$ cat work_38.cif   # mmCIF, N, CA, C and O atoms
data_entry
loop_
_atom_site.group_PDB
_atom_site.id
_atom_site.type_symbol
_atom_site.label_atom_id
_atom_site.label_comp_id
_atom_site.auth_asym_id
_atom_site.auth_seq_id
_atom_site.Cartn_x
_atom_site.Cartn_y
_atom_site.Cartn_z
ATOM 1 N N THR A 109 -19.687 -1.415 5.469
ATOM 2 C CA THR A 109 -18.939 -2.434 4.682
ATOM 3 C C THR A 109 -17.993 -1.730 3.705
ATOM 4 O O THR A 109 -18.400 -1.267 2.658
ATOM 5 N N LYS A 110 -16.735 -1.648 4.040
ATOM 6 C CA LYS A 110 -15.765 -0.976 3.131
ATOM 7 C C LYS A 110 -15.115 -2.017 2.218
ATOM 8 O O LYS A 110 -14.939 -3.159 2.591
ATOM 9 N N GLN A 111 -14.757 -1.632 1.024
ATOM 10 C CA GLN A 111 -14.120 -2.601 0.087
ATOM 11 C C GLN A 111 -12.632 -2.274 -0.050
ATOM 12 O O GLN A 111 -12.216 -1.145 0.117
ATOM 13 N N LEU A 112 -11.825 -3.255 -0.354
ATOM 14 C CA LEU A 112 -10.365 -3.002 -0.501
ATOM 15 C C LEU A 112 -10.141 -1.880 -1.517
ATOM 16 O O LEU A 112 -10.997 -1.586 -2.328
ATOM 17 N N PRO A 113 -8.963 -1.243 -1.467
ATOM 18 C CA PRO A 113 -8.612 -0.147 -2.379
ATOM 19 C C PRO A 113 -8.399 -0.644 -3.811
ATOM 20 O O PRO A 113 -7.992 -1.766 -4.036
ATOM 21 N N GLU A 114 -8.671 0.185 -4.782
ATOM 22 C CA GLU A 114 -8.485 -0.240 -6.199
ATOM 23 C C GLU A 114 -7.189 0.364 -6.745
ATOM 24 O O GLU A 114 -6.673 1.329 -6.216
ATOM 25 N N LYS A 115 -6.660 -0.196 -7.798
ATOM 26 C CA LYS A 115 -5.398 0.347 -8.374
ATOM 27 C C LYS A 115 -5.511 1.867 -8.506
ATOM 28 O O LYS A 115 -6.568 2.400 -8.779
ATOM 29 N N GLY A 116 -4.428 2.571 -8.316
ATOM 30 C CA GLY A 116 -4.475 4.055 -8.432
ATOM 31 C C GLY A 116 -5.063 4.650 -7.150
ATOM 32 O O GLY A 116 -5.385 5.820 -7.089
ATOM 33 N N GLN A 117 -5.204 3.853 -6.126
ATOM 34 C CA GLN A 117 -5.771 4.374 -4.850
ATOM 35 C C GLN A 117 -4.630 4.771 -3.910
ATOM 36 O O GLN A 117 -3.621 4.099 -3.826
ATOM 37 N N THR A 118 -4.781 5.858 -3.205
ATOM 38 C CA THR A 118 -3.704 6.297 -2.272
ATOM 39 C C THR A 118 -3.901 5.625 -0.912
ATOM 40 O O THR A 118 -5.005 5.519 -0.416
ATOM 41 N N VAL A 119 -2.839 5.172 -0.305
ATOM 42 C CA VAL A 119 -2.967 4.508 1.023
ATOM 43 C C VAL A 119 -1.841 4.988 1.942
ATOM 44 O O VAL A 119 -0.730 5.228 1.509
ATOM 45 N N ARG A 120 -2.117 5.130 3.209
ATOM 46 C CA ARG A 120 -1.063 5.594 4.155
ATOM 47 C C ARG A 120 -0.623 4.425 5.038
ATOM 48 O O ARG A 120 -1.422 3.814 5.719
ATOM 49 N N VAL A 121 0.643 4.110 5.033
ATOM 50 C CA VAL A 121 1.132 2.981 5.873
ATOM 51 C C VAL A 121 1.261 3.447 7.325
ATOM 52 O O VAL A 121 1.920 4.425 7.616
ATOM 53 N N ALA A 122 0.635 2.755 8.236
ATOM 54 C CA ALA A 122 0.721 3.161 9.668
ATOM 55 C C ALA A 122 1.372 2.038 10.478
ATOM 56 O O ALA A 122 2.104 2.281 11.416
ATOM 57 N N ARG A 123 1.110 0.809 10.124
ATOM 58 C CA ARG A 123 1.716 -0.326 10.874
ATOM 59 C C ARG A 123 2.594 -1.150 9.931
ATOM 60 O O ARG A 123 2.422 -1.128 8.728
ATOM 61 N N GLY A 124 3.536 -1.878 10.467
ATOM 62 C CA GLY A 124 4.425 -2.701 9.600
ATOM 63 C C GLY A 124 5.807 -2.049 9.522
ATOM 64 O O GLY A 124 6.060 -1.033 10.139
ATOM 65 N N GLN A 125 6.704 -2.625 8.771
ATOM 66 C CA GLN A 125 8.068 -2.037 8.655
ATOM 67 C C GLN A 125 8.004 -0.753 7.826
ATOM 68 O O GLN A 125 8.763 0.172 8.036
ATOM 69 N N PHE A 126 7.103 -0.688 6.883
ATOM 70 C CA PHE A 126 6.994 0.539 6.043
ATOM 71 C C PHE A 126 5.990 1.504 6.678
ATOM 72 O O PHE A 126 5.557 2.457 6.062
ATOM 73 N N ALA A 127 5.618 1.264 7.906
ATOM 74 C CA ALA A 127 4.644 2.170 8.578
ATOM 75 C C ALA A 127 5.194 3.598 8.581
ATOM 76 O O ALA A 127 6.354 3.826 8.861
ATOM 77 N N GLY A 128 4.370 4.561 8.272
ATOM 78 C CA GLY A 128 4.846 5.974 8.258
ATOM 79 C C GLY A 128 5.338 6.333 6.854
ATOM 80 O O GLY A 128 6.136 7.233 6.678
ATOM 81 N N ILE A 129 4.870 5.638 5.854
ATOM 82 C CA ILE A 129 5.313 5.944 4.463
ATOM 83 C C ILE A 129 4.096 5.973 3.534
ATOM 84 O O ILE A 129 3.124 5.277 3.748
ATOM 85 N N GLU A 130 4.145 6.771 2.503
ATOM 86 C CA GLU A 130 2.992 6.845 1.561
ATOM 87 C C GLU A 130 3.182 5.811 0.447
ATOM 88 O O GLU A 130 4.288 5.531 0.030
ATOM 89 N N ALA A 131 2.112 5.243 -0.037
ATOM 90 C CA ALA A 131 2.236 4.228 -1.122
ATOM 91 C C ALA A 131 0.973 4.247 -1.987
ATOM 92 O O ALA A 131 -0.117 4.485 -1.506
ATOM 93 N N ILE A 132 1.112 3.993 -3.259
ATOM 94 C CA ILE A 132 -0.080 3.990 -4.153
ATOM 95 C C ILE A 132 -0.564 2.552 -4.340
ATOM 96 O O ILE A 132 0.190 1.679 -4.723
ATOM 97 N N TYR A 133 -1.814 2.293 -4.070
ATOM 98 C CA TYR A 133 -2.337 0.908 -4.230
ATOM 99 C C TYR A 133 -2.371 0.538 -5.713
ATOM 100 O O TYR A 133 -2.740 1.333 -6.554
ATOM 101 N N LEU A 134 -1.990 -0.667 -6.039
ATOM 102 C CA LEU A 134 -2.003 -1.094 -7.467
ATOM 103 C C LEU A 134 -2.903 -2.322 -7.618
ATOM 104 O O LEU A 134 -4.040 -2.221 -8.034
ATOM 105 N N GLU A 135 -2.405 -3.480 -7.282
ATOM 106 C CA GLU A 135 -3.236 -4.712 -7.405
ATOM 107 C C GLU A 135 -3.237 -5.457 -6.067
ATOM 108 O O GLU A 135 -2.215 -5.605 -5.428
ATOM 109 N N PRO A 136 -4.416 -5.934 -5.641
ATOM 110 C CA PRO A 136 -4.565 -6.668 -4.378
ATOM 111 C C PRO A 136 -3.911 -8.051 -4.442
ATOM 112 O O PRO A 136 -4.568 -9.050 -4.661
ATOM 113 N N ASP A 137 -2.621 -8.115 -4.255
ATOM 114 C CA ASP A 137 -1.924 -9.430 -4.306
ATOM 115 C C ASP A 137 -2.185 -10.199 -3.009
ATOM 116 O O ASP A 137 -1.488 -10.035 -2.028
ATOM 117 N N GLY A 138 -3.184 -11.040 -2.997
ATOM 118 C CA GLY A 138 -3.487 -11.821 -1.765
ATOM 119 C C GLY A 138 -4.408 -11.003 -0.856
ATOM 120 O O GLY A 138 -4.353 -9.790 -0.828
ATOM 121 N N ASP A 139 -5.256 -11.660 -0.112
ATOM 122 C CA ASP A 139 -6.180 -10.920 0.793
ATOM 123 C C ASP A 139 -5.379 -10.286 1.933
ATOM 124 O O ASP A 139 -5.755 -9.265 2.476
ATOM 125 N N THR A 140 -4.278 -10.881 2.300
ATOM 126 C CA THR A 140 -3.456 -10.311 3.405
ATOM 127 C C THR A 140 -2.263 -9.552 2.819
ATOM 128 O O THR A 140 -1.508 -8.919 3.530
ATOM 129 N N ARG A 141 -2.086 -9.608 1.526
ATOM 130 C CA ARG A 141 -0.942 -8.887 0.900
ATOM 131 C C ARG A 141 -1.465 -7.940 -0.182
ATOM 132 O O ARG A 141 -2.592 -8.051 -0.624
ATOM 133 N N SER A 142 -0.658 -7.009 -0.610
ATOM 134 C CA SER A 142 -1.112 -6.057 -1.663
ATOM 135 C C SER A 142 0.105 -5.410 -2.326
ATOM 136 O O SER A 142 1.159 -5.292 -1.733
ATOM 137 N N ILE A 143 -0.033 -4.985 -3.553
ATOM 138 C CA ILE A 143 1.115 -4.342 -4.253
ATOM 139 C C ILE A 143 0.887 -2.831 -4.320
ATOM 140 O O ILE A 143 -0.153 -2.369 -4.742
ATOM 141 N N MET A 144 1.851 -2.057 -3.902
ATOM 142 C CA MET A 144 1.686 -0.577 -3.939
ATOM 143 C C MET A 144 2.970 0.064 -4.468
ATOM 144 O O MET A 144 4.044 -0.490 -4.353
ATOM 145 N N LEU A 145 2.868 1.232 -5.042
ATOM 146 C CA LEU A 145 4.084 1.908 -5.573
ATOM 147 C C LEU A 145 4.642 2.853 -4.507
ATOM 148 O O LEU A 145 3.976 3.767 -4.065
ATOM 149 N N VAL A 146 5.857 2.637 -4.083
ATOM 150 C CA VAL A 146 6.448 3.523 -3.043
ATOM 151 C C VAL A 146 7.433 4.496 -3.695
ATOM 152 O O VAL A 146 8.286 4.105 -4.468
ATOM 153 N N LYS A 147 7.324 5.758 -3.388
ATOM 154 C CA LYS A 147 8.256 6.755 -3.988
ATOM 155 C C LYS A 147 9.239 7.239 -2.920
ATOM 156 O O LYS A 147 8.889 7.400 -1.769
ATOM 157 N N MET A 148 10.467 7.474 -3.293
ATOM 158 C CA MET A 148 11.469 7.949 -2.298
ATOM 159 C C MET A 148 12.128 9.231 -2.809
ATOM 160 O O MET A 148 11.845 9.694 -3.896
ATOM 161 N N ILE A 149 13.004 9.808 -2.035
ATOM 162 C CA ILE A 149 13.680 11.059 -2.477
ATOM 163 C C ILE A 149 14.744 10.721 -3.524
ATOM 164 O O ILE A 149 15.042 11.512 -4.396
ATOM 165 N N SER A 150 15.319 9.553 -3.443
ATOM 166 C CA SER A 150 16.361 9.167 -4.435
ATOM 167 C C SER A 150 15.692 8.568 -5.675
ATOM 168 O O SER A 150 15.846 9.061 -6.774
ATOM 169 N N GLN A 151 14.950 7.506 -5.507
ATOM 170 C CA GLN A 151 14.274 6.879 -6.677
ATOM 171 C C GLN A 151 12.965 6.229 -6.225
ATOM 172 O O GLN A 151 12.762 5.963 -5.057
ATOM 173 N N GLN A 152 12.075 5.968 -7.144
ATOM 174 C CA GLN A 152 10.782 5.331 -6.769
ATOM 175 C C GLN A 152 10.909 3.813 -6.906
ATOM 176 O O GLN A 152 11.619 3.316 -7.757
ATOM 177 N N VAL A 153 10.230 3.070 -6.075
ATOM 178 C CA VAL A 153 10.323 1.585 -6.163
ATOM 179 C C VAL A 153 9.018 0.954 -5.671
ATOM 180 O O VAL A 153 8.584 1.188 -4.561
ATOM 181 N N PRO A 154 8.386 0.131 -6.520
ATOM 182 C CA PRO A 154 7.131 -0.548 -6.178
ATOM 183 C C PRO A 154 7.358 -1.679 -5.170
ATOM 184 O O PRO A 154 8.252 -2.488 -5.324
ATOM 185 N N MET A 155 6.559 -1.742 -4.141
ATOM 186 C CA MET A 155 6.737 -2.820 -3.128
ATOM 187 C C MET A 155 5.369 -3.384 -2.737
ATOM 188 O O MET A 155 4.344 -2.779 -2.982
ATOM 189 N N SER A 156 5.346 -4.539 -2.129
ATOM 190 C CA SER A 156 4.045 -5.141 -1.723
ATOM 191 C C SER A 156 3.866 -4.992 -0.212
ATOM 192 O O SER A 156 4.784 -5.201 0.556
ATOM 193 N N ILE A 157 2.688 -4.633 0.223
ATOM 194 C CA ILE A 157 2.450 -4.471 1.684
ATOM 195 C C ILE A 157 1.092 -5.079 2.046
ATOM 196 O O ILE A 157 0.239 -5.267 1.201
ATOM 197 N N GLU A 158 0.884 -5.392 3.295
ATOM 198 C CA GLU A 158 -0.416 -5.991 3.708
ATOM 199 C C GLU A 158 -1.340 -4.899 4.253
ATOM 200 O O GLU A 158 -0.912 -4.006 4.956
ATOM 201 N N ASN A 159 -2.604 -4.968 3.937
ATOM 202 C CA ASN A 159 -3.555 -3.937 4.439
ATOM 203 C C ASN A 159 -3.369 -3.768 5.948
ATOM 204 O O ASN A 159 -3.547 -2.695 6.489
ATOM 205 N N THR A 160 -3.007 -4.819 6.631
ATOM 206 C CA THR A 160 -2.806 -4.713 8.103
ATOM 207 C C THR A 160 -1.677 -3.721 8.390
ATOM 208 O O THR A 160 -1.510 -3.260 9.500
ATOM 209 N N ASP A 161 -0.904 -3.389 7.393
ATOM 210 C CA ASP A 161 0.212 -2.426 7.603
ATOM 211 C C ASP A 161 -0.229 -1.029 7.157
ATOM 212 O O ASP A 161 0.114 -0.036 7.765
ATOM 213 N N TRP A 162 -0.989 -0.947 6.098
ATOM 214 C CA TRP A 162 -1.450 0.387 5.617
ATOM 215 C C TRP A 162 -2.979 0.427 5.605
ATOM 216 O O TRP A 162 -3.635 -0.590 5.497
ATOM 217 N N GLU A 163 -3.551 1.595 5.715
ATOM 218 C CA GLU A 163 -5.038 1.699 5.711
ATOM 219 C C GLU A 163 -5.476 2.681 4.623
ATOM 220 O O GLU A 163 -4.691 3.466 4.129
ATOM 221 N N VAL A 164 -6.725 2.645 4.247
ATOM 222 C CA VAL A 164 -7.213 3.577 3.192
ATOM 223 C C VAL A 164 -8.448 4.322 3.703
ATOM 224 O O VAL A 164 -9.264 3.775 4.417
ATOM 225 N N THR A 165 -8.591 5.569 3.343
ATOM 226 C CA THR A 165 -9.774 6.347 3.808
ATOM 227 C C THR A 165 -10.576 6.829 2.598
ATOM 228 O O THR A 165 -10.419 7.981 2.229
#
$ encode --input "work_38.cif" --output "structure tokens"
Amino acid sequence: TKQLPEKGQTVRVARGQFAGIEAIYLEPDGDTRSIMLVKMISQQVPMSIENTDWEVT
């Protein structure tokens, strides 16, 4: 029985449009949605993704 990731948790996006990108878990916005901080080479930008798109280990 695994529990959803907590704020400050690292998650790797594998499925979805942002699949293949790293994101930091922040707050579980919705059971099918979630808010994570995405960093880029130009600037960092927080975005929301669904666990079905990213997984946590």
$ resolve_selection --input "work_38.cif" --expression "the PyMOL selection byres ((chain A and resi 112-118) around 6)" --output "PyMOL selection string"
chain A and resi 110-111+119-120+131-136+163-165
$ write_last_selection --input "work_38.cif" --atoms "N, CA, C and O atoms" --output "PDB file, keeping the file's coordinate frame"
ATOM      1  N   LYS A 110     -16.735  -1.648   4.040  1.00  0.00           N
ATOM      2  CA  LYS A 110     -15.765  -0.976   3.131  1.00  0.00           C
ATOM      3  C   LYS A 110     -15.115  -2.017   2.218  1.00  0.00           C
ATOM      4  O   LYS A 110     -14.939  -3.159   2.591  1.00  0.00           O
ATOM      5  N   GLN A 111     -14.757  -1.632   1.024  1.00  0.00           N
ATOM      6  CA  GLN A 111     -14.120  -2.601   0.087  1.00  0.00           C
ATOM      7  C   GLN A 111     -12.632  -2.274  -0.050  1.00  0.00           C
ATOM      8  O   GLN A 111     -12.216  -1.145   0.117  1.00  0.00           O
ATOM      9  N   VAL A 119      -2.839   5.172  -0.305  1.00  0.00           N
ATOM     10  CA  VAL A 119      -2.967   4.508   1.023  1.00  0.00           C
ATOM     11  C   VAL A 119      -1.841   4.988   1.942  1.00  0.00           C
ATOM     12  O   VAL A 119      -0.730   5.228   1.509  1.00  0.00           O
ATOM     13  N   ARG A 120      -2.117   5.130   3.209  1.00  0.00           N
ATOM     14  CA  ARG A 120      -1.063   5.594   4.155  1.00  0.00           C
ATOM     15  C   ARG A 120      -0.623   4.425   5.038  1.00  0.00           C
ATOM     16  O   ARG A 120      -1.422   3.814   5.719  1.00  0.00           O
ATOM     17  N   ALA A 131       2.112   5.243  -0.037  1.00  0.00           N
ATOM     18  CA  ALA A 131       2.236   4.228  -1.122  1.00  0.00           C
ATOM     19  C   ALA A 131       0.973   4.247  -1.987  1.00  0.00           C
ATOM     20  O   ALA A 131      -0.117   4.485  -1.506  1.00  0.00           O
ATOM     21  N   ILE A 132       1.112   3.993  -3.259  1.00  0.00           N
ATOM     22  CA  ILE A 132      -0.080   3.990  -4.153  1.00  0.00           C
ATOM     23  C   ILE A 132      -0.564   2.552  -4.340  1.00  0.00           C
ATOM     24  O   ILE A 132       0.190   1.679  -4.723  1.00  0.00           O
ATOM     25  N   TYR A 133      -1.814   2.293  -4.070  1.00  0.00           N
ATOM     26  CA  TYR A 133      -2.337   0.908  -4.230  1.00  0.00           C
ATOM     27  C   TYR A 133      -2.371   0.538  -5.713  1.00  0.00           C
ATOM     28  O   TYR A 133      -2.740   1.333  -6.554  1.00  0.00           O
ATOM     29  N   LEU A 134      -1.990  -0.667  -6.039  1.00  0.00           N
ATOM     30  CA  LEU A 134      -2.003  -1.094  -7.467  1.00  0.00           C
ATOM     31  C   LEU A 134      -2.903  -2.322  -7.618  1.00  0.00           C
ATOM     32  O   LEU A 134      -4.040  -2.221  -8.034  1.00  0.00           O
ATOM     33  N   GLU A 135      -2.405  -3.480  -7.282  1.00  0.00           N
ATOM     34  CA  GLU A 135      -3.236  -4.712  -7.405  1.00  0.00           C
ATOM     35  C   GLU A 135      -3.237  -5.457  -6.067  1.00  0.00           C
ATOM     36  O   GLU A 135      -2.215  -5.605  -5.428  1.00  0.00           O
ATOM     37  N   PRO A 136      -4.416  -5.934  -5.641  1.00  0.00           N
ATOM     38  CA  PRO A 136      -4.565  -6.668  -4.378  1.00  0.00           C
ATOM     39  C   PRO A 136      -3.911  -8.051  -4.442  1.00  0.00           C
ATOM     40  O   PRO A 136      -4.568  -9.050  -4.661  1.00  0.00           O
ATOM     41  N   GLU A 163      -3.551   1.595   5.715  1.00  0.00           N
ATOM     42  CA  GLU A 163      -5.038   1.699   5.711  1.00  0.00           C
ATOM     43  C   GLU A 163      -5.476   2.681   4.623  1.00  0.00           C
ATOM     44  O   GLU A 163      -4.691   3.466   4.129  1.00  0.00           O
ATOM     45  N   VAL A 164      -6.725   2.645   4.247  1.00  0.00           N
ATOM     46  CA  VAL A 164      -7.213   3.577   3.192  1.00  0.00           C
ATOM     47  C   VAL A 164      -8.448   4.322   3.703  1.00  0.00           C
ATOM     48  O   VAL A 164      -9.264   3.775   4.417  1.00  0.00           O
ATOM     49  N   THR A 165      -8.591   5.569   3.343  1.00  0.00           N
ATOM     50  CA  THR A 165      -9.774   6.347   3.808  1.00  0.00           C
ATOM     51  C   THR A 165     -10.576   6.829   2.598  1.00  0.00           C
ATOM     52  O   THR A 165     -10.419   7.981   2.229  1.00  0.00           O
TER      53      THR A 165
END
$ residues_around --input "work_38.cif" --residues "residue 161 in chain A" --least-positions-apart "2" --cutoff "7 Å" --atoms "all atoms listed in the file" --output "list in words"
residues 120, 121, 122, 123, 124, 125, 126, 127, 128, 140, 157, 158, 159 and 163 of chain A
$ atom_distance --input "work_38.cif" --atom1 "CA of residue 143 in chain A" --atom2 "CA of residue 160 in chain A"
13.0 Å
$ atom_distance --input "work_38.cif" --atom1 "atom C of residue 153 in chain A" --atom2 "atom C of residue 109 in chain A"
28.7 Å
$ atom_distance --input "work_38.cif" --atom1 "CA of residue 162 in chain A" --atom2 "CA of residue 139 in chain A"
13.2 Å
$ select_by_dssp --input "work_38.cif" --residues "range 109-151 of chain A" --states "strand (DSSP E or B)" --output "PyMOL selection string"
chain A and resi 117-121+129-135+142-146
